[PDB]
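One chain follows as structure tokens, the form solved without the RNA.
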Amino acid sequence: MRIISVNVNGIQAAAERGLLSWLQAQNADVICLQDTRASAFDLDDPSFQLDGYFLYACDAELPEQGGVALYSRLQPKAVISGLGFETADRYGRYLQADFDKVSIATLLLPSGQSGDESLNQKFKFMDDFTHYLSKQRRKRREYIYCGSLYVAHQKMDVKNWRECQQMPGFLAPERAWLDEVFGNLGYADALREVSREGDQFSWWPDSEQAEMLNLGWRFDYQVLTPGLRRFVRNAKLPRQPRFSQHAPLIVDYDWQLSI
């Protein structure tokens, strides 16, 4: 099983950069896209279709404010959208497909990088999602959340961590939010289950120098229920090719996706 996750920063902009042609040739079983910025009507373009793949989507009320999508080779038993709180449902930030024994979800948080309103929204979403995850632990079924979280967990998840402590993405409350997710709540960080090396980033400012000096942040995760933590075989965040400000997260599992 191969799962690819990419924050496309607008699926049309990314398609123009060749996103879909690249996706087509990656032999993924499920693909999770975040931040499509596309209405349900927009995603009904036949150009956004991938051969061999079923496509499911969720939209924000104002399409440019969110939107997430999911391609799957197998047809899921069910597809559910929303988490049951405003900051997710009003924004098309959550979509989950159910398979045998495991569900795979695409998850988008607000970045909080444009003022205090945005950051407050971000914190709200974090608390609500923590409530949800806290309710979900007793569940027998496994989950993989392909999450574009806009938070970097540890020092090694950001280049030059010291100047990043006062910026959204590496603030103490955010870091503690992921401390709670991967610690007390028992969830696993897919990539960290197979790699403990640094310099593995998924997000860069759209600059000419950040590319040269790799001034990156690791904002993109595949967050796992514990029953899956020993099933991670590979995890990669290649810098190229790229179709947005984010790098694709490619994770390979020793699981045979079914039903």
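Quick note: we count residues from 1 along the sequence shown, nothing fancier.
Per the record, averaged over C-alpha atoms, which has the higher B-factor: 220-228 or 57-65? Per the PDB entry, the higher value belongs to 57-65.
Determine, for stretches 115-123 and 144-152, which one has the higher mean CA B-factor as deposited.
Result of the comparison: 115-123.
Which is it among 178, 167, 102, 109: the one with the largest CA B-factor in the entry? If I rank 178, 167, 102, 109 by C-alpha B-factor, first place goes to 167.
Residue 128: which third of its chain by C-alpha temperature factor?
Ranked within chain, residue 128 CA B lands in the middle tercile.
>> Looking at the temperature factor on the CA atom of residue 90, which third of the chain's modelled residues does it land in?
In response: Tercile = middle for this residue's CA B-factor.
- [ ] Would you mind checking where the Cα B-factor of residue 160 ranks among the modelled residues of its chain, as the lowest, middle or highest third?
- [x] Ranked within chain, residue 160 CA B lands in the highest tercile.
**Study point:** Among modelled residues of the same chain, the CA temperature factor third for residue 35
**Key:** Lowest third - that is where residue 35 ends up once the chain's C-alpha B-factors are sorted.
Compared with the other modelled residues in the chain, in which third is the CA B-factor of residue 202?
For residue 202, the deposited C-alpha B-factor lands in the lowest third.
The following text describes the form deposited with the RNA bound, which does not appear among the structures shown.
Of these, 141, 73, 90, 124, which has a heavy atom no more than 4.5 Å from the RNA in the entry with it bound?
-> It is 141.
Residue 174 near the RNA in the entry with it bound, any heavy atom under 4.5 Å? Taking the distances in the entry with it bound, the answer for residue 174 is no, it never comes within 4.5 Å of the RNA.
Considering only 98-131, what residues come within 4.5 Å of the RNA in the entry with it bound, judged by heavy atoms? Stretch hits: a single one, 98.
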